[PDB]
Amino acid sequence: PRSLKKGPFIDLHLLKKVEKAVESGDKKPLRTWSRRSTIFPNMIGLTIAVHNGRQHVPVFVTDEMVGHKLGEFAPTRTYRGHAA
Amino acid sequence: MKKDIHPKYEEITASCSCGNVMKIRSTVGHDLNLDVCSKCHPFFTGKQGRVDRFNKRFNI
Amino acid sequence: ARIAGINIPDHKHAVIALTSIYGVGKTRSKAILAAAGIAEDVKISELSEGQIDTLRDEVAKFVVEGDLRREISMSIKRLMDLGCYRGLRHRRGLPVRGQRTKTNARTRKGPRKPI
Amino acid sequence: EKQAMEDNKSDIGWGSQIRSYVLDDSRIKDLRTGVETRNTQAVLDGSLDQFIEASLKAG
Amino acid sequence: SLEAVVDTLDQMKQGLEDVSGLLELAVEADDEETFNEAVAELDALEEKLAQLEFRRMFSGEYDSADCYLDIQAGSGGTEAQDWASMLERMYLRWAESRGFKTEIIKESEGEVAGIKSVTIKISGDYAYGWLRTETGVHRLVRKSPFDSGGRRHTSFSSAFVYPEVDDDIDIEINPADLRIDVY
Amino acid sequence: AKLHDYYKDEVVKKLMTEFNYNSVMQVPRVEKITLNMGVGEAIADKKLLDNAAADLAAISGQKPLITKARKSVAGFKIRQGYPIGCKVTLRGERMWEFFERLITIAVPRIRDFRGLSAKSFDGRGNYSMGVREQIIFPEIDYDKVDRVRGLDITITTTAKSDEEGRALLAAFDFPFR
RNA sequence: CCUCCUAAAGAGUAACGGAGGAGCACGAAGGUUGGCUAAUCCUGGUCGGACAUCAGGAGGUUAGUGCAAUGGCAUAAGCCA
RNA sequence: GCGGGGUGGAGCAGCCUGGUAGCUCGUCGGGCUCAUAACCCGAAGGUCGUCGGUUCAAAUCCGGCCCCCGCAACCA
RNA sequence: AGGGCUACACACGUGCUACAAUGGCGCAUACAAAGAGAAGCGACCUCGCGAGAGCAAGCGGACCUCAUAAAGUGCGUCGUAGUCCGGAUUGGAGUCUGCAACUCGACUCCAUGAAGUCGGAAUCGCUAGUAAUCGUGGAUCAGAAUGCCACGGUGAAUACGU
Ligand SMILES: [K+]
Ligand SMILES: [K+]
Ligand SMILES: [K+]
Ligand SMILES: [K+]
Ligand SMILES: [K+]
Ligand SMILES: [K+]
Ligand SMILES: [K+]
Ligand SMILES: [Mg+2]
Ligand SMILES: [Mg+2]
Ligand SMILES: [Mg+2]
Ligand SMILES: [Mg+2]
Ligand SMILES: [Mg+2]
Ligand SMILES: [Mg+2]
Ligand SMILES: [Mg+2]
Ligand SMILES: [Mg+2]
Ligand SMILES: [Mg+2]
Ligand SMILES: [Mg+2]
Ligand SMILES: [Mg+2]
Ligand SMILES: [Mg+2]
Ligand SMILES: [Mg+2]
Ligand SMILES: [Mg+2]
Ligand SMILES: [Mg+2]
Ligand SMILES: [Mg+2]
Ligand SMILES: [Mg+2]
Ligand SMILES: [Mg+2]
Ligand SMILES: [Zn+2]
């Protein structure tokens with residue numbers, strides 16, 4: 001994982017959007033393509049729609065999701081199974 | 001009790017590492033050395049996060 | 001020869017014997033024997049009861065056996081409930097750390113299921 | 001009636017083809033409608049919709 | 001009949017023309033509610049014309065029924081049987097794309113490659129309608145993988161689609177239909 | 001008799017206060033403790049039942065009675081009369097001594113003991129639990145455990161309800177969770 | 001040959017009338033003395049599961065009788081010594 | 001009326017005498033071959049026509065029902 | 001920009017690692033060749049269990065660095081077990097590169113400890129410094145080899161014959 005000396009990674013655009021949403025208390029889902037941004041503690045309580053490659057899957061952030069990347073909660077490959 | 005059909009049942013000393021010594025009748029002939037007992041077992045004695053991790057580790 | 005709720009082998013050397021505890025490997029075994037001041041090459045049978053008590057005291061400073069098992073189970077459960085990619089891989093019994101899945105992965109997928 | 005159907009069935013032969021799949025020229029042409037694709041792989045993959053819809057429209 | 005269709009055509013034209021002015025008002029007044037209102041009218045009218053088109057397409061009697069697709073190899077031989085296997089794969093995949101359900105009732109496989117024949121059951125809305133035009137003989141031209149010289153060979157395979165007819169109701173004889181003579 | 005004397009000297013008074021019993025005869029009393037070691041696999045071999053009987057004898061201090069099938073059952077391929085287990089009933093001083101051993105030595109040796117379920121009461125005040133490995137009793141020798149044998153322990157009590165049963169067992173410092 | 005109905009409240013009573021069994025078994029499955037009481041279901045309990053064995057409860061012969069059916073059977077004719 | 005049958009995809013066993021499903025082909029996987037067959041090495045597939053009974057337990061014993069076979073169906 | 005090219009009931013090809021004692025582990029101690037290096041190789045020293053980090057020599061090199069070769073040898077232990085064999089898998093904690101390691105990098109530490117006990121029909125390479133086995137370097141390359149290309153160490157068996 002990313003070195004602890006570097007600090008956690010978040011795309012500045014998403015950080016600004018999260019700050020604005022928290023301050024304004026808005027409840028509209030925030031669409032993002034930044035699957036690589038970490039889930040910060042401030043994010044908890046917000047609905048963030050992470051791009052799965054073809055759509056933005058809605059994700060309601062909880063406390064257990066802190067530290068994981070947003071992409072870990074938006075599967076990109078769909079597999080019904082062979083001989084379904 | 002019917003005689004001659006039951007196991008031999010005599011008193012022995014059982015000592016746990018904590019210190020308790022109990023003099024109890026048992027079938028085993030020798031004295032017992034206990035690694036644990038009710039006096040010292042963690043349950044009997046009663047001796048038996050993500051946000052915190054992020055905050056502390058990252059120091060943002 | 002009973003430590004952490006289980007019996008350890010007695011005819012083995014102590015360093016190998018302590019590894020029988022779930023949660024203790026060679027490194028932790030060397031550490032335990034060192035902190036207890038007992039040679040790693042002495043068989044468990046050839047120990048006084050006080051030495052075994054010191055060994056138990058040393059083992060107490062780690063997480064072993066059922067405590068460790070329930071921690072591991074809780075972590076796996078947490079992932080599976082979070083619904084993270086790792087958790088979904090755990091649910092479906094596929095490799096979790098990004099290994100290939102078309103040719104290999106027999107250890108996770110189990111024995112072959114013929115069509 | 002089944003025999004009449006079996007006798008109306010066209011022979012599987014040189015004269016009659018509803019559609020031609022020339023895979024050395026990457027051409028697929030339906031003789032009835034005229035729809036002619038060049039991505040033969042899509043039609044092999046199941047992209048028959050162009051030809052099928054053209055036929056239904058031409059009724 | 002004549003009226004109904006003619007009226008629908010006239011109303012479609014006039015209603016589209018009307019939606020044009022309504023959309024103009026939407027944008028002009030910059031009323032987002034009126035823009036959504038115009039969208040609503042247009043969406044419904046679009047679906048209406050699509051219904052008319054559906055009735056034009058699937059005008060056959062049994063077009064709504066589930067269908068059976070039979071593929072039989074012809075003049076190519078080994079090459080034709082391979083071509084039939086290719087056609088089977090193509091049709092099955094198209095069925096998946098359309099969402100229909102497929103089953104293989106019977107399949108006579110080729111001695112060296114491909115299939116001599118295959119019967120596939122297609123279950124779905126208007127399956128016979130969607131697959132009926134595919135019935136015919138399909139010609140294939142490729143360098144034959146079964147000819148040592150790699151010559152360009154032509155092979156033929158046939159697809160026949162027939163609807164799933166309901167089983168005929170068996171009828172017993174009305175005693176009034178019989179004359180019994182004893183002698 | 002440490003535990004029996006403890007009953008008569010502490011548990012009686014505590015339970016009298018807790019349930020406001022008018023008479024000492026109304027206080028719950030441990031009637032008996034039954035240990036059962038039903039061995040299904042003895043159908044194939046008789047010596048398995050004999051060895052299990054020896055184990056139950058060492059744990060109990062008594063010779064066990066060999067229980068046999070009440071009726072033939074196809075599913076387990078048993079005919080009526082074939083021996084499918086061994087039981088011991090402990091009453092009096094032997095019972096109280098076993099209760100002391102179970103509470104103070106064996107239950108501590110239960111692998112990963114996190115607490116016995118208080119839901120296990122039968123609905124009439126009795127309590128049944130299960131032991132997975134006879135090794136938890138010090139009498140059995142780990143150097144000779146040919147097979148992992150278990151058993152079940154039933155403490156049958158005069159208490160008229162589960163609440164009184166749990167109160168009596170708890171007053172005996174039974175390690176519930 | 002045995003059991004029930006037909007058979008009309010004593011016995012008996014026919015039909016190519018309606019339903020089933022027997023052509024044995026047991027030196028204990030006989031005698032006596034002493035003792036005991038079922039089916040089934042529910043709850044709790046190691047493996048153990050719909051169903052083995054253990055504990056309690058409900059129930060009260062709905063069991064059992066070596067084998068058909070009927071009539072009996074708790075003082076048991078049922079079960080154990 | 002009296003006899004038989006109905007068991008992996010096909011043909012036959014197993015029933016009698018209750019506990020247990022077999023053989024040959026066929027199917028599937030891997031070989032051999034330029035390739036197919038043949039051949040070689042491995043696998044899978046029947047809860048026993050359908051219900052019911054009896055039994056601790058049924059392909060098996062009993063009774064219906066369905067299908068298939070035989071015979072018999074006369075003096076008249 | 002995000003995703004995919006890395007999917008996964010399954011079949012095949014080519015590899016690596018093993019199933020141990022001619023071995024595993026621990027300590028000690030010998031003997032190479034070939035090559036690369038400036039947005040590079042990076043010594044030393046200090047910190048860290050470690051991957052690494054900080055500071056900082058030298059070297060466009062027969063000069064400095066990568067960079068102790070390993071098998072071997074000596075001593076000790078294991079004593080035959082799914083093991084002190086094997087190291088897949090998984091949990092936790094980290095490092096480095098890189099805007100950015102979720103899909104989908106490599107490496108480290110602690111824990112875990114799967115199959116596997118020499119592999120059916122069949123089939124492959126090799127005639128000598130070869131096979132077998134043991135290390136080393138390079139390109140590609142920010143990072144990312146069991147692949148490929150190259151280099152040395154030890155070092156066989158057998159060829160009657162057509
Ligand atoms: K993968
Ligand atoms: K009568
Ligand atoms: K008697
Ligand atoms: K490889
Ligand atoms: K990655
Ligand atoms: K191991
Ligand atoms: K590199
Ligand atoms: Mg990888
Ligand atoms: Mg009368
Ligand atoms: Mg009368
Ligand atoms: Mg008369
Ligand atoms: Mg008369
Ligand atoms: Mg009698
Ligand atoms: Mg009597
Ligand atoms: Mg009698
Ligand atoms: Mg059977
Ligand atoms: Mg690729
Ligand atoms: Mg090892
Ligand atoms: Mg380099
Ligand atoms: Mg390790
Ligand atoms: Mg194995
Ligand atoms: Mg071995
Ligand atoms: Mg040569
Ligand atoms: Mg090498
Ligand atoms: Mg070499
Ligand atoms: Zn103690």
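Numbered from 1 within each chain, the chains take letters A, B, ... in sequence-line order.
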Kindly indicate whether [M] forms a Watson-Crick or G-U wobble pair with [N], where both distances must fall under 3.5 Å.
{"N": "H:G9", "M": "H:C25", "result": "yes"}
{"N": "I:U136", "M": "I:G13", "result": "no"}
{"N": "I:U112", "M": "I:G135", "result": "no"}

Partner nucleotide, any strand, of [N] [Watson-Crick/G-U, under 3.5 Å]:
{"N": "H:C34", "result": "none"}
{"N": "I:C5", "result": "none"}
{"N": "I:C31", "result": "none"}

Check: For G:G49, is chi within 90° of 0 (syn) or not (anti)?
Finding: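 Base orientation: syn.
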
- Is the base of G:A14 syn or anti, where syn means the angle lies within 90° of 0?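 Nucleotide G:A14 adopts anti.
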
- Stacked, yes or no: H:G45 with H:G46, six-ring centres under 5.5 Å, planes under 30°?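 Not stacked: H:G45 and H:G46 fail the distance or angle limit.
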
- [ ] Give a single yes or no on stacking for H:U7 with H:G8, with the cut-offs at 5.5 Å between ring centres and 30° between planes.
- [x]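 No, H:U7 and H:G8 do not stack on each other.
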
Q | Residues in contact with RNA chain G, drawn from residues 52-79 of chain A - heavy-atom cutoff 4.0 Å | A |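 Heavy-atom cutoff 4.0 Å gives no residues at all.
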
Taking the minimum atom-to-atom distance to the side chain of [X], which one of [options] wins?
{"X": "C:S75", "options": "G:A55, I:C8, I:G91", "value": "I:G91"}
{"X": "C:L79", "options": "I:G91, G:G56, I:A100", "value": "I:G91"}
{"X": "C:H13", "options": "I:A93, I:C84, G:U53", "value": "I:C84"}
{"X": "A:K5", "options": "I:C96, I:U90, H:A57", "value": "I:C96"}

Using a heavy-atom cut-off of 4.0 Å across all strands, would you classify [X] as base, sugar-phosphate, or nothing?
{"X": "C:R70", "answer": "nothing"}
{"X": "C:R89", "answer": "sugar-phosphate"}
{"X": "C:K43", "answer": "nothing"}
{"X": "C:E71", "answer": "nothing"}

Whether each nucleotide of nucleotides 37-46 of chain G has a protein heavy atom under 4.0 Å at its base (B), only at its sugar-phosphate (S) or at neither (-) is summarised, 5' to 3', as --SS--BBBB

task = Check whether the aromatic ring of F:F76 stacks on the base of G:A52, taking stacking as ring centres less than 5.5 Å apart and planes within 30° of each other.
result =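 Given the distance and angle limits, yes, they stack.
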
Please determine if C:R69 forms a cation-pi arrangement with C:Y22, meaning its NZ or CZ atom is less than 6.0 Å from the six-membered ring centre and no more than 45° off the ring axis.
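Relative to the ring axis of C:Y22, which defines the angle, C:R69 lies inside both limits.
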
- Query: Quick one: is the NZ or CZ of F:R177 closer than 6.0 Å to the six-membered ring centre of B:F43, and within 45° of its axis?
  - Reply: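 Ring-cation test returns no.
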
_Looking at the base of I:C102, is there any donor atom on it, or on the side chain of C:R86, that sits under 3.5 Å from an acceptor on the other one?_
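Not at all, since no donor on one side and acceptor on the other fall under 3.5 Å apart.
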
